[PDB]
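File shown: work_25.pdb (PDB, C-alpha atoms and all ligand atoms).
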ATOM      1  CA  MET A   1      20.052  69.526  81.539  1.00  0.00           C
ATOM      2  CA  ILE A   2      22.090  67.731  78.915  1.00  0.00           C
ATOM      3  CA  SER A   3      25.294  69.297  77.461  1.00  0.00           C
ATOM      4  CA  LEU A   4      27.571  68.107  74.631  1.00  0.00           C
ATOM      5  CA  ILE A   5      31.312  68.659  75.235  1.00  0.00           C
ATOM      6  CA  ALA A   6      33.620  68.323  72.298  1.00  0.00           C
ATOM      7  CA  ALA A   7      36.772  69.273  70.539  1.00  0.00           C
ATOM      8  CA  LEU A   8      36.612  69.995  66.723  1.00  0.00           C
ATOM      9  CA  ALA A   9      39.313  70.418  64.110  1.00  0.00           C
ATOM     10  CA  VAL A  10      38.861  71.627  60.641  1.00  0.00           C
ATOM     11  CA  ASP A  11      35.735  70.460  58.979  1.00  0.00           C
ATOM     12  CA  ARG A  12      34.084  69.057  62.198  1.00  0.00           C
ATOM     13  CA  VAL A  13      36.594  66.196  62.330  1.00  0.00           C
ATOM     14  CA  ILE A  14      36.768  64.778  65.730  1.00  0.00           C
ATOM     15  CA  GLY A  15      38.753  61.626  65.527  1.00  0.00           C
ATOM     16  CA  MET A  16      40.780  59.348  63.501  1.00  0.00           C
ATOM     17  CA  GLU A  17      41.087  55.645  63.956  1.00  0.00           C
ATOM     18  CA  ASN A  18      39.826  55.810  67.564  1.00  0.00           C
ATOM     19  CA  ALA A  19      41.973  58.629  68.605  1.00  0.00           C
ATOM     20  CA  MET A  20      42.476  62.355  68.562  1.00  0.00           C
ATOM     21  CA  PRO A  21      45.382  63.330  66.368  1.00  0.00           C
ATOM     22  CA  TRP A  22      46.306  66.603  67.883  1.00  0.00           C
ATOM     23  CA  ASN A  23      47.545  67.193  71.416  1.00  0.00           C
ATOM     24  CA  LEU A  24      46.186  70.273  73.019  1.00  0.00           C
ATOM     25  CA  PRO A  25      46.846  70.312  76.714  1.00  0.00           C
ATOM     26  CA  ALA A  26      44.736  73.379  77.172  1.00  0.00           C
ATOM     27  CA  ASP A  27      41.796  71.392  75.835  1.00  0.00           C
ATOM     28  CA  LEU A  28      42.301  68.657  78.385  1.00  0.00           C
ATOM     29  CA  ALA A  29      42.430  71.269  81.039  1.00  0.00           C
ATOM     30  CA  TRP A  30      39.245  72.746  80.007  1.00  0.00           C
ATOM     31  CA  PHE A  31      37.612  69.398  79.386  1.00  0.00           C
ATOM     32  CA  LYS A  32      38.396  68.385  82.940  1.00  0.00           C
ATOM     33  CA  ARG A  33      37.197  71.779  84.315  1.00  0.00           C
ATOM     34  CA  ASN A  34      33.852  71.429  82.711  1.00  0.00           C
ATOM     35  CA  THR A  35      33.113  67.814  83.558  1.00  0.00           C
ATOM     36  CA  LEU A  36      34.549  67.463  86.934  1.00  0.00           C
ATOM     37  CA  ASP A  37      32.118  66.492  89.602  1.00  0.00           C
ATOM     38  CA  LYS A  38      29.343  65.697  87.060  1.00  0.00           C
ATOM     39  CA  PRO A  39      28.301  62.630  85.148  1.00  0.00           C
ATOM     40  CA  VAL A  40      29.859  61.804  81.892  1.00  0.00           C
ATOM     41  CA  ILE A  41      28.150  59.845  79.138  1.00  0.00           C
ATOM     42  CA  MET A  42      30.335  58.252  76.437  1.00  0.00           C
ATOM     43  CA  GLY A  43      30.129  55.524  73.852  1.00  0.00           C
ATOM     44  CA  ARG A  44      31.904  52.167  74.067  1.00  0.00           C
ATOM     45  CA  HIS A  45      34.729  53.192  71.672  1.00  0.00           C
ATOM     46  CA  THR A  46      35.356  56.401  73.402  1.00  0.00           C
ATOM     47  CA  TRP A  47      35.667  54.579  76.770  1.00  0.00           C
ATOM     48  CA  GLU A  48      37.995  52.295  75.015  1.00  0.00           C
ATOM     49  CA  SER A  49      40.097  54.945  73.779  1.00  0.00           C
ATOM     50  CA  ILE A  50      40.201  56.350  77.250  1.00  0.00           C
ATOM     51  CA  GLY A  51      41.341  53.203  78.778  1.00  0.00           C
ATOM     52  CA  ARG A  52      40.324  54.124  82.372  1.00  0.00           C
ATOM     53  CA  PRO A  53      37.714  55.701  84.519  1.00  0.00           C
ATOM     54  CA  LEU A  54      37.766  59.518  84.800  1.00  0.00           C
ATOM     55  CA  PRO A  55      38.090  60.516  88.492  1.00  0.00           C
ATOM     56  CA  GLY A  56      35.558  62.753  90.219  1.00  0.00           C
ATOM     57  CA  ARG A  57      32.975  61.820  87.628  1.00  0.00           C
ATOM     58  CA  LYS A  58      30.408  59.219  87.366  1.00  0.00           C
ATOM     59  CA  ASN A  59      31.400  57.267  84.286  1.00  0.00           C
ATOM     60  CA  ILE A  60      28.540  56.001  82.166  1.00  0.00           C
ATOM     61  CA  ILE A  61      29.179  53.813  79.237  1.00  0.00           C
ATOM     62  CA  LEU A  62      26.707  53.076  76.392  1.00  0.00           C
ATOM     63  CA  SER A  63      26.935  49.609  74.854  1.00  0.00           C
ATOM     64  CA  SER A  64      24.527  47.114  73.563  1.00  0.00           C
ATOM     65  CA  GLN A  65      26.958  44.723  75.168  1.00  0.00           C
ATOM     66  CA  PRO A  66      27.169  43.788  78.703  1.00  0.00           C
ATOM     67  CA  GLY A  67      29.738  45.577  80.961  1.00  0.00           C
ATOM     68  CA  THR A  68      33.174  44.223  81.564  1.00  0.00           C
ATOM     69  CA  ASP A  69      34.370  46.425  84.330  1.00  0.00           C
ATOM     70  CA  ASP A  70      32.681  47.378  87.503  1.00  0.00           C
ATOM     71  CA  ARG A  71      34.568  50.572  87.913  1.00  0.00           C
ATOM     72  CA  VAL A  72      32.140  52.301  85.581  1.00  0.00           C
ATOM     73  CA  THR A  73      28.423  52.234  84.937  1.00  0.00           C
ATOM     74  CA  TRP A  74      27.076  50.319  81.828  1.00  0.00           C
ATOM     75  CA  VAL A  75      23.762  51.117  80.025  1.00  0.00           C
ATOM     76  CA  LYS A  76      22.113  49.962  76.889  1.00  0.00           C
ATOM     77  CA  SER A  77      20.052  52.959  75.866  1.00  0.00           C
ATOM     78  CA  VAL A  78      19.894  56.659  75.741  1.00  0.00           C
ATOM     79  CA  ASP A  79      16.954  56.740  78.247  1.00  0.00           C
ATOM     80  CA  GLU A  80      18.650  54.482  80.707  1.00  0.00           C
ATOM     81  CA  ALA A  81      21.844  56.433  80.288  1.00  0.00           C
ATOM     82  CA  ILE A  82      20.073  59.556  81.320  1.00  0.00           C
ATOM     83  CA  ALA A  83      18.216  57.870  84.213  1.00  0.00           C
ATOM     84  CA  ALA A  84      21.422  56.491  85.425  1.00  0.00           C
ATOM     85  CA  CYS A  85      22.633  60.019  85.966  1.00  0.00           C
ATOM     86  CA  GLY A  86      20.097  60.771  88.608  1.00  0.00           C
ATOM     87  CA  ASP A  87      18.853  64.199  89.533  1.00  0.00           C
ATOM     88  CA  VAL A  88      21.631  66.535  88.744  1.00  0.00           C
ATOM     89  CA  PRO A  89      21.808  69.858  87.215  1.00  0.00           C
ATOM     90  CA  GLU A  90      23.972  68.936  84.153  1.00  0.00           C
ATOM     91  CA  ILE A  91      24.853  65.840  82.206  1.00  0.00           C
ATOM     92  CA  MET A  92      28.008  65.844  80.136  1.00  0.00           C
ATOM     93  CA  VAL A  93      27.975  63.884  76.945  1.00  0.00           C
ATOM     94  CA  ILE A  94      31.574  63.420  75.836  1.00  0.00           C
ATOM     95  CA  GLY A  95      31.519  61.425  72.650  1.00  0.00           C
ATOM     96  CA  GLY A  96      32.078  59.878  70.305  1.00  0.00           C
ATOM     97  CA  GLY A  97      30.380  60.615  67.049  1.00  0.00           C
ATOM     98  CA  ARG A  98      27.369  58.295  67.215  1.00  0.00           C
ATOM     99  CA  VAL A  99      26.714  59.234  70.786  1.00  0.00           C
ATOM    100  CA  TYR A 100      26.764  62.875  70.012  1.00  0.00           C
ATOM    101  CA  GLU A 101      24.370  62.326  67.114  1.00  0.00           C
ATOM    102  CA  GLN A 102      21.943  60.821  69.474  1.00  0.00           C
ATOM    103  CA  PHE A 103      22.046  63.435  72.233  1.00  0.00           C
ATOM    104  CA  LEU A 104      22.161  66.535  70.137  1.00  0.00           C
ATOM    105  CA  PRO A 105      18.460  67.089  69.927  1.00  0.00           C
ATOM    106  CA  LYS A 106      18.066  66.584  73.621  1.00  0.00           C
ATOM    107  CA  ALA A 107      20.868  68.905  74.536  1.00  0.00           C
ATOM    108  CA  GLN A 108      20.593  72.476  75.739  1.00  0.00           C
ATOM    109  CA  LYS A 109      24.219  73.505  75.693  1.00  0.00           C
ATOM    110  CA  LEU A 110      27.405  73.059  73.717  1.00  0.00           C
ATOM    111  CA  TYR A 111      30.920  73.241  74.908  1.00  0.00           C
ATOM    112  CA  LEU A 112      32.981  73.411  71.804  1.00  0.00           C
ATOM    113  CA  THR A 113      36.628  73.786  71.245  1.00  0.00           C
ATOM    114  CA  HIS A 114      37.507  74.924  67.731  1.00  0.00           C
ATOM    115  CA  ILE A 115      40.905  73.775  66.788  1.00  0.00           C
ATOM    116  CA  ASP A 116      42.865  75.308  64.069  1.00  0.00           C
ATOM    117  CA  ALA A 117      44.232  72.114  62.629  1.00  0.00           C
ATOM    118  CA  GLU A 118      43.849  70.184  59.350  1.00  0.00           C
ATOM    119  CA  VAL A 119      43.472  66.527  59.993  1.00  0.00           C
ATOM    120  CA  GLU A 120      42.119  63.725  57.943  1.00  0.00           C
ATOM    121  CA  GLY A 121      39.639  62.107  60.328  1.00  0.00           C
ATOM    122  CA  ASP A 122      37.089  59.279  60.020  1.00  0.00           C
ATOM    123  CA  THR A 123      34.635  60.619  62.519  1.00  0.00           C
ATOM    124  CA  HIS A 124      32.857  63.999  62.597  1.00  0.00           C
ATOM    125  CA  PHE A 125      30.774  66.102  64.794  1.00  0.00           C
ATOM    126  CA  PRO A 126      27.127  66.281  63.814  1.00  0.00           C
ATOM    127  CA  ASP A 127      25.918  68.839  61.421  1.00  0.00           C
ATOM    128  CA  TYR A 128      24.050  71.213  63.694  1.00  0.00           C
ATOM    129  CA  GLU A 129      21.738  74.100  62.764  1.00  0.00           C
ATOM    130  CA  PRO A 130      23.418  77.374  63.815  1.00  0.00           C
ATOM    131  CA  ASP A 131      20.068  79.167  63.799  1.00  0.00           C
ATOM    132  CA  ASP A 132      19.039  77.264  66.791  1.00  0.00           C
ATOM    133  CA  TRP A 133      21.946  78.109  68.904  1.00  0.00           C
ATOM    134  CA  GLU A 134      23.317  81.139  70.730  1.00  0.00           C
ATOM    135  CA  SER A 135      27.017  81.959  71.554  1.00  0.00           C
ATOM    136  CA  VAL A 136      27.241  82.987  75.045  1.00  0.00           C
ATOM    137  CA  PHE A 137      30.939  82.606  75.603  1.00  0.00           C
ATOM    138  CA  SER A 138      34.002  82.774  73.299  1.00  0.00           C
ATOM    139  CA  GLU A 139      37.641  82.955  73.987  1.00  0.00           C
ATOM    140  CA  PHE A 140      40.486  82.805  71.490  1.00  0.00           C
ATOM    141  CA  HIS A 141      43.966  81.454  71.964  1.00  0.00           C
ATOM    142  CA  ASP A 142      47.052  81.544  69.885  1.00  0.00           C
ATOM    143  CA  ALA A 143      49.183  78.486  69.630  1.00  0.00           C
ATOM    144  CA  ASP A 144      52.116  78.341  72.134  1.00  0.00           C
ATOM    145  CA  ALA A 145      54.869  76.139  73.501  1.00  0.00           C
ATOM    146  CA  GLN A 146      52.492  73.802  75.128  1.00  0.00           C
ATOM    147  CA  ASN A 147      49.931  74.152  72.411  1.00  0.00           C
ATOM    148  CA  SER A 148      50.818  73.544  68.789  1.00  0.00           C
ATOM    149  CA  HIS A 149      47.777  75.262  67.276  1.00  0.00           C
ATOM    150  CA  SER A 150      45.502  78.035  67.934  1.00  0.00           C
ATOM    151  CA  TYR A 151      42.145  77.327  69.346  1.00  0.00           C
ATOM    152  CA  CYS A 152      38.939  78.693  70.504  1.00  0.00           C
ATOM    153  CA  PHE A 153      36.633  77.826  73.515  1.00  0.00           C
ATOM    154  CA  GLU A 154      33.036  78.289  72.903  1.00  0.00           C
ATOM    155  CA  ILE A 155      29.722  77.872  74.665  1.00  0.00           C
ATOM    156  CA  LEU A 156      26.451  77.883  73.055  1.00  0.00           C
ATOM    157  CA  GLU A 157      22.988  77.631  74.369  1.00  0.00           C
ATOM    158  CA  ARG A 158      19.938  76.495  72.535  1.00  0.00           C
ATOM    159  CA  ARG A 159      17.691  79.524  71.935  1.00  0.00           C
TER     160      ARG A 159
HETATM  161  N1  LIG B   1      37.360  65.286  69.789  1.00  0.00           N
HETATM  162  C1  LIG B   1      36.447  64.942  70.707  1.00  0.00           C
HETATM  163  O1  LIG B   1      36.076  65.729  71.623  1.00  0.00           O
HETATM  164  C2  LIG B   1      36.123  63.528  70.856  1.00  0.00           C
HETATM  165  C3  LIG B   1      35.413  63.139  72.187  1.00  0.00           C
HETATM  166  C4  LIG B   1      35.186  61.632  72.126  1.00  0.00           C
HETATM  167  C5  LIG B   1      35.566  60.916  71.135  1.00  0.00           C
HETATM  168  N2  LIG B   1      36.220  61.320  69.993  1.00  0.00           N
HETATM  169  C6  LIG B   1      36.519  60.211  68.972  1.00  0.00           C
HETATM  170  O2  LIG B   1      35.335  59.466  68.511  1.00  0.00           O
HETATM  171  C7  LIG B   1      35.807  58.243  67.832  1.00  0.00           C
HETATM  172  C8  LIG B   1      34.979  57.150  68.583  1.00  0.00           C
HETATM  173  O3  LIG B   1      33.657  57.699  68.152  1.00  0.00           O
HETATM  174  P1  LIG B   1      32.694  56.565  67.557  1.00  0.00           P
HETATM  175  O4  LIG B   1      31.499  57.266  67.003  1.00  0.00           O
HETATM  176  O5  LIG B   1      33.493  55.684  66.662  1.00  0.00           O
HETATM  177  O6  LIG B   1      32.241  55.774  68.899  1.00  0.00           O
HETATM  178  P2  LIG B   1      31.402  56.088  70.210  1.00  0.00           P
HETATM  179  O7  LIG B   1      30.325  57.020  69.859  1.00  0.00           O
HETATM  180  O8  LIG B   1      32.275  56.501  71.341  1.00  0.00           O
HETATM  181  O9  LIG B   1      31.051  54.547  70.455  1.00  0.00           O
HETATM  182  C9  LIG B   1      30.019  53.923  69.677  1.00  0.00           C
HETATM  183  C10 LIG B   1      29.271  52.833  70.399  1.00  0.00           C
HETATM  184  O10 LIG B   1      28.652  53.100  71.681  1.00  0.00           O
HETATM  185  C11 LIG B   1      27.551  52.246  71.823  1.00  0.00           C
HETATM  186  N3  LIG B   1      26.279  52.964  71.732  1.00  0.00           N
HETATM  187  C12 LIG B   1      26.045  54.196  71.203  1.00  0.00           C
HETATM  188  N4  LIG B   1      24.764  54.538  71.237  1.00  0.00           N
HETATM  189  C13 LIG B   1      24.112  53.459  71.820  1.00  0.00           C
HETATM  190  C14 LIG B   1      22.760  53.241  72.180  1.00  0.00           C
HETATM  191  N5  LIG B   1      21.784  54.133  71.952  1.00  0.00           N
HETATM  192  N6  LIG B   1      22.446  52.080  72.763  1.00  0.00           N
HETATM  193  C15 LIG B   1      23.436  51.217  72.983  1.00  0.00           C
HETATM  194  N7  LIG B   1      24.754  51.326  72.710  1.00  0.00           N
HETATM  195  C16 LIG B   1      25.027  52.469  72.118  1.00  0.00           C
HETATM  196  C17 LIG B   1      27.738  51.124  70.803  1.00  0.00           C
HETATM  197  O11 LIG B   1      28.547  50.189  71.492  1.00  0.00           O
HETATM  198  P3  LIG B   1      28.248  48.669  71.112  1.00  0.00           P
HETATM  199  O12 LIG B   1      28.916  48.460  69.782  1.00  0.00           O
HETATM  200  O13 LIG B   1      29.204  47.884  72.058  1.00  0.00           O
HETATM  201  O14 LIG B   1      26.745  48.626  71.210  1.00  0.00           O
HETATM  202  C18 LIG B   1      28.550  51.721  69.653  1.00  0.00           C
HETATM  203  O15 LIG B   1      29.500  50.810  69.135  1.00  0.00           O
HETATM  204  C19 LIG B   1      37.329  58.137  68.204  1.00  0.00           C
HETATM  205  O16 LIG B   1      38.071  58.585  67.142  1.00  0.00           O
HETATM  206  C20 LIG B   1      37.465  59.180  69.361  1.00  0.00           C
HETATM  207  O17 LIG B   1      38.809  59.492  69.322  1.00  0.00           O
HETATM  208  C21 LIG B   1      36.473  62.691  69.893  1.00  0.00           C
HETATM  209  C1  LIG B   2      39.880  60.183  74.853  1.00  0.00           C
HETATM  210  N1  LIG B   2      39.526  61.472  75.433  1.00  0.00           N
HETATM  211  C2  LIG B   2      38.162  61.987  75.142  1.00  0.00           C
HETATM  212  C3  LIG B   2      38.189  63.451  74.952  1.00  0.00           C
HETATM  213  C4  LIG B   2      39.361  64.270  74.861  1.00  0.00           C
HETATM  214  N2  LIG B   2      39.407  65.582  74.666  1.00  0.00           N
HETATM  215  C5  LIG B   2      38.202  66.166  74.588  1.00  0.00           C
HETATM  216  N3  LIG B   2      38.253  67.591  74.565  1.00  0.00           N
HETATM  217  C6  LIG B   2      37.064  68.238  74.558  1.00  0.00           C
HETATM  218  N4  LIG B   2      36.939  69.506  74.524  1.00  0.00           N
HETATM  219  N5  LIG B   2      35.816  67.463  74.578  1.00  0.00           N
HETATM  220  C7  LIG B   2      35.762  66.135  74.600  1.00  0.00           C
HETATM  221  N6  LIG B   2      34.644  65.474  74.611  1.00  0.00           N
HETATM  222  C8  LIG B   2      37.040  65.452  74.637  1.00  0.00           C
HETATM  223  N7  LIG B   2      36.986  64.085  74.841  1.00  0.00           N
HETATM  224  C9  LIG B   2      40.055  61.770  76.661  1.00  0.00           C
HETATM  225  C10 LIG B   2      41.352  61.250  76.933  1.00  0.00           C
HETATM  226  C11 LIG B   2      41.949  61.508  78.153  1.00  0.00           C
HETATM  227  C12 LIG B   2      41.268  62.284  79.131  1.00  0.00           C
HETATM  228  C13 LIG B   2      41.767  62.672  80.482  1.00  0.00           C
HETATM  229  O1  LIG B   2      42.803  62.303  80.985  1.00  0.00           O
HETATM  230  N8  LIG B   2      41.168  63.644  81.117  1.00  0.00           N
HETATM  231  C14 LIG B   2      41.717  64.350  82.296  1.00  0.00           C
HETATM  232  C15 LIG B   2      42.478  65.680  81.862  1.00  0.00           C
HETATM  233  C16 LIG B   2      43.720  66.187  82.815  1.00  0.00           C
HETATM  234  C17 LIG B   2      45.088  65.424  82.598  1.00  0.00           C
HETATM  235  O2  LIG B   2      45.547  65.646  81.436  1.00  0.00           O
HETATM  236  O3  LIG B   2      45.684  64.762  83.508  1.00  0.00           O
HETATM  237  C18 LIG B   2      40.523  64.625  83.127  1.00  0.00           C
HETATM  238  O4  LIG B   2      40.630  64.265  84.296  1.00  0.00           O
HETATM  239  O5  LIG B   2      39.475  65.089  82.627  1.00  0.00           O
HETATM  240  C19 LIG B   2      40.005  62.746  78.780  1.00  0.00           C
HETATM  241  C20 LIG B   2      39.378  62.513  77.541  1.00  0.00           C
HETATM  242 MN    MN B   3      15.676  81.246  74.497  1.00  0.00          MN
END
Just give me the structure as structure tokens.
Ligand SMILES: NC(=O)c1ccc[n+]([C@@H]2O[C@H](COP(=O)([O-])OP(=O)(O)OC[C@H]3O[C@@H](n4cnc5c(N)ncnc54)[C@H](OP(=O)(O)O)[C@@H]3O)[C@@H](O)[C@H]2O)c1
Ligand SMILES: CN(Cc1cnc2nc(N)nc(N)c2n1)c1ccc(C(=O)N[C@@H](CCC(=O)O)C(=O)O)cc1
Ligand SMILES: [Mn+2]
Amino acid sequence: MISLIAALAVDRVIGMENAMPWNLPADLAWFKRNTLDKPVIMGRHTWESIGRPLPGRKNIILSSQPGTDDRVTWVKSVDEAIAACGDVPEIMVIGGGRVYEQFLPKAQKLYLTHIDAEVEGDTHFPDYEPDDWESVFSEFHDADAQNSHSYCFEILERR
């Protein structure tokens, strides 16, 4: 099954100039918890902003261009990306915007982190139809010493 995993600030902003403005260590924690030991799909920019392979995960990168690093797996299409994953129970799509736009309709579950933060971004999460989805998990957190804003973890399943 395909799942989208993402972190959103105010107004579905997800990035700015190839990066994430805020710093929310609890989000990284949770991102890692959720993707560890599973395959992660990500676009070329996102990989670039990551600058390295994520351990304990099969890294799959989508580019129309040929690979330039054997540490990860390169693919040139959404189909191939998914085939490259093999037979596993869950595929984690991690970004960025274009990639999410493409996998949304094929996805059965959303892992969203709602961040209480106002940032001028240049990239946004897709506009998805709430009707279609169901909140199965929700947990709120106030900002703290490690985390500068309040946030909320959420899991939704397509009805
Ligand atoms: N907050 C979040 O959770 C989160 C998670 C990830 C990323 N982000 C942010 O997202 C922004 C980067 O997002 P982005 O939309 O600019 O880039 P992206 O989605 O990561 O990368 C886009 C690219 O991936 C390739 N690609 C995508 N679909 C393809 C397909 N069907 N076939 C072949 N290649 C395909 C293309 O590479 P080629 O040009 O080489 O073909 C295209 O340039 C950054 O700001 C990052 O910080 C946020
Ligand atoms: C660029 N970026 C993409 C990124 C970041 N936060 C997100 N947060 C959420 N919720 N969802 C995403 N898709 C997301 N994607 C990154 C950057 C660094 C690491 C990273 O180091 N991850 C460690 C986290 C633990 C550590 O901080 O050492 C891991 O192993 O998963 C991951 C994603
Ligand atoms: Mn149902």
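Nearest to ligand LIG 1 (chain B) of all the residues A:79, A:70, A:37, A:11 is A:79, based on all atoms listed in the file.
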Contacts between ligand MN 3 (chain B) and chain A, please, where a residue of chain A counts if it comes within 12 Å (with all atoms listed in the file); show its shortest atom pair and distance in Å to one decimal, rows by chain and ascending number, as a Markdown table.
| residue | atom | partner | partner_atom | distance |
| --- | --- | --- | --- | --- |
| A:108 | CA | B:MN3 | MN | 10.1 |
| A:109 | CA | B:MN3 | MN | 11.6 |
| A:131 | CA | B:MN3 | MN | 11.7 |
| A:132 | CA | B:MN3 | MN | 9.3 |
| A:133 | CA | B:MN3 | MN | 9.0 |
| A:134 | CA | B:MN3 | MN | 8.5 |
| A:135 | CA | B:MN3 | MN | 11.7 |
| A:136 | CA | B:MN3 | MN | 11.7 |
| A:156 | CA | B:MN3 | MN | 11.4 |
| A:157 | CA | B:MN3 | MN | 8.2 |
| A:158 | CA | B:MN3 | MN | 6.7 |
| A:159 | CA | B:MN3 | MN | 3.7 |
Residues within 7 Å of ligand LIG 1 (chain B) should be enumerated using only C-alpha atoms and all ligand atoms and returned as a PDB file with C-alpha atoms, in the frame of the given file.
ATOM      1  CA  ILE A   5      31.312  68.659  75.235  1.00  0.00           C
ATOM      2  CA  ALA A   6      33.620  68.323  72.298  1.00  0.00           C
ATOM      3  CA  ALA A   7      36.772  69.273  70.539  1.00  0.00           C
ATOM      4  CA  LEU A   8      36.612  69.995  66.723  1.00  0.00           C
ATOM      5  CA  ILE A  14      36.768  64.778  65.730  1.00  0.00           C
ATOM      6  CA  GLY A  15      38.753  61.626  65.527  1.00  0.00           C
ATOM      7  CA  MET A  16      40.780  59.348  63.501  1.00  0.00           C
ATOM      8  CA  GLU A  17      41.087  55.645  63.956  1.00  0.00           C
ATOM      9  CA  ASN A  18      39.826  55.810  67.564  1.00  0.00           C
ATOM     10  CA  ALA A  19      41.973  58.629  68.605  1.00  0.00           C
ATOM     11  CA  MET A  20      42.476  62.355  68.562  1.00  0.00           C
ATOM     12  CA  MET A  42      30.335  58.252  76.437  1.00  0.00           C
ATOM     13  CA  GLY A  43      30.129  55.524  73.852  1.00  0.00           C
ATOM     14  CA  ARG A  44      31.904  52.167  74.067  1.00  0.00           C
ATOM     15  CA  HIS A  45      34.729  53.192  71.672  1.00  0.00           C
ATOM     16  CA  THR A  46      35.356  56.401  73.402  1.00  0.00           C
ATOM     17  CA  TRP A  47      35.667  54.579  76.770  1.00  0.00           C
ATOM     18  CA  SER A  49      40.097  54.945  73.779  1.00  0.00           C
ATOM     19  CA  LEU A  62      26.707  53.076  76.392  1.00  0.00           C
ATOM     20  CA  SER A  63      26.935  49.609  74.854  1.00  0.00           C
ATOM     21  CA  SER A  64      24.527  47.114  73.563  1.00  0.00           C
ATOM     22  CA  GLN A  65      26.958  44.723  75.168  1.00  0.00           C
ATOM     23  CA  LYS A  76      22.113  49.962  76.889  1.00  0.00           C
ATOM     24  CA  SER A  77      20.052  52.959  75.866  1.00  0.00           C
ATOM     25  CA  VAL A  78      19.894  56.659  75.741  1.00  0.00           C
ATOM     26  CA  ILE A  94      31.574  63.420  75.836  1.00  0.00           C
ATOM     27  CA  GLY A  95      31.519  61.425  72.650  1.00  0.00           C
ATOM     28  CA  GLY A  96      32.078  59.878  70.305  1.00  0.00           C
ATOM     29  CA  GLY A  97      30.380  60.615  67.049  1.00  0.00           C
ATOM     30  CA  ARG A  98      27.369  58.295  67.215  1.00  0.00           C
ATOM     31  CA  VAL A  99      26.714  59.234  70.786  1.00  0.00           C
ATOM     32  CA  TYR A 100      26.764  62.875  70.012  1.00  0.00           C
ATOM     33  CA  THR A 123      34.635  60.619  62.519  1.00  0.00           C
TER      34      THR A 123
END
Next on the checklist: Show me the residues around (17.4, 59.7, 79.9) - criterion: an atom at most 12 Å away, only C-alpha atoms counted - as a PyMOL selection string.
Outcome noted: chain A and resi 1-2+41+60+62+75-88+91+93+102-103+106-107
Which centre and which edge lengths, in Å to one decimal, describe the axis-aligned box that holds all listed atoms of segment 102-111 of chain A after 6 Å is added on each side, as lines of an AutoDock Vina configuration file?
center_x = 24.5
center_y = 67.2
center_z = 72.6
size_x = 24.9
size_y = 24.7
size_z = 18.3
Checklist entry - From the list A:36, A:13, A:117, A:110, which residue is nearest ligand LIG 2 (chain B) when using all atoms listed in the file? => result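 Nearest to ligand LIG 2 (chain B): A:36.
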Checklist entry - Can you list, as a list in words, every protein, DNA or RNA residue that comes within 10 Å of residue 118 of chain A when you count all atoms listed in the file, leaving out same-chain residues fewer than 3 positions away? => result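 Counting only the stated atoms, we get residues 9, 10, 11, 13, 21, 22, 115 and 121 of chain A.
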Deliver the residues from the most recent selection as a file, using C-alpha atoms, as a JSON list (two decimals), in the frame of the given file.
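Writing done, so here's result-v1.json:
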[["chain", "number", "residue", "atom", "x", "y", "z"],
["A", 9, "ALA", "CA", 39.31, 70.42, 64.11],
["A", 10, "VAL", "CA", 38.86, 71.63, 60.64],
["A", 11, "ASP", "CA", 35.74, 70.46, 58.98],
["A", 13, "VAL", "CA", 36.59, 66.20, 62.33],
["A", 21, "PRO", "CA", 45.38, 63.33, 66.37],
["A", 22, "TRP", "CA", 46.31, 66.60, 67.88],
["A", 115, "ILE", "CA", 40.90, 73.78, 66.79],
["A", 121, "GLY", "CA", 39.64, 62.11, 60.33]]
Next on the checklist: Going by the chain IDs and residue numbers used in this file, which residues fall under the PyMOL selection byres (((chain A and resi 25-30) around 9) and not hetatm)? Write them as a list in words.
Outcome noted: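 With the PyMOL selection byres (((chain A and resi 25-30) around 9) and not hetatm) on this model, the match is residues 7, 23, 24, 31, 32, 33, 34, 35, 113, 146, 147, 151 and 153 of chain A.
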